[PDB]
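**Q** This is the structure I have questions about; it appears just below.
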Amino acid sequence: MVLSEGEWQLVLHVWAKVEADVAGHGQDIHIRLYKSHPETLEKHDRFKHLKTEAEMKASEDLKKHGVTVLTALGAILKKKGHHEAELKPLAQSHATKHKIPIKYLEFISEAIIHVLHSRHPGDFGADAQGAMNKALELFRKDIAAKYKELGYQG
Ligand code: HEM
Ligand SMILES: [Cl-]
């Protein structure tokens with residue numbers, strides 16, 4: 001699949017707003033991920049004891065991890081689909097070490113969309129939401145292909 005230049009412009013314009021508060025976006029995204037899909041929290045041995053939204057917001061390690069995640073994703077989105085070298089290490093770790101099924105990447109994709117609409121309801125209208133849906137779908141499709149290249153169905 002492919003995004004137009006104009007869809008990429010909407011993706012990166014919204015990403016600038018994420019970059020104005022990376023840590024806060026990361027926390028909101030992970031809290032939604034873990035509350036709606038508790039099975040995902042189980043993958044994070046160091047976080048899996050956190051239960052309430054207050055406890056997750058108080059974890060300095062979870063806050064740091066949200067920055068790590070969104071920094072890697074931002075680098076990928078800024079490549080506008082030419083992200084092979086960025087995606088390679090991410091698939092390697094998530095498929096062979098952490099064993100994150102592709103389904104969990106759909107869960108976190110939903111959470112990103114929800115948080116972007118919650119924080120930026122004006123700038124994240126239908127056009128902008130459609131573009132970022134497409135960018136995250138391309139990301140999942142390409143990392144699923146790398147999973148299979150490594151021998152993992154995901
Ligand atoms: C946008 C999607 C994602 C991005 C960009 C991302 C990015 C990263 C990065 C940069 C790291 C540190 C280096 C590495 O181990 O590769 C990491 C680690 C990790 N990720 Fe992800 N990740 C994503 C989705 C997920 C999901 C949905 C899970 C579900 C639990 C997950 C579980 C983990 C785990 C278990 C680690 C090891 C660190 C730890 O145990 O706290 N990842 N991720
Ligand atoms: Cl998918």
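Labels for the structure tokens follow display order: chains A, B, ..., residues from 1 in each chain, ligands from 1.
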Applying 10 Å and only C-alpha atoms, which residues near range 138-145 of chain A remain after dropping the ones on its own chain fewer than 5 positions away? List them as a ChimeraX atom specification.
**A** /A:1-3,73,76-77,80-81,83-84,87-88,90-92,94-95,101-103,105-106,109,132-133,150-154
**Q** Kindly work out which residues sit at most 7 Å from ligand 1, using only C-alpha atoms and all ligand atoms, and give the list as a ChimeraX atom specification.
**A** /A:40-41,43-46,65,68-70,72-73,89-90,93-94,98,100,104-105,107-109
**Q** Just the number, please: distance in Å from CA of residue 30 in chain A to CA of residue 112 in chain A, one decimal.
**A** 8.9 Å
**Q** Write out as a count of residues only the set of residues from chain A that DSSP, computed on the backbone, places in alpha helix (DSSP H).
**A** 114
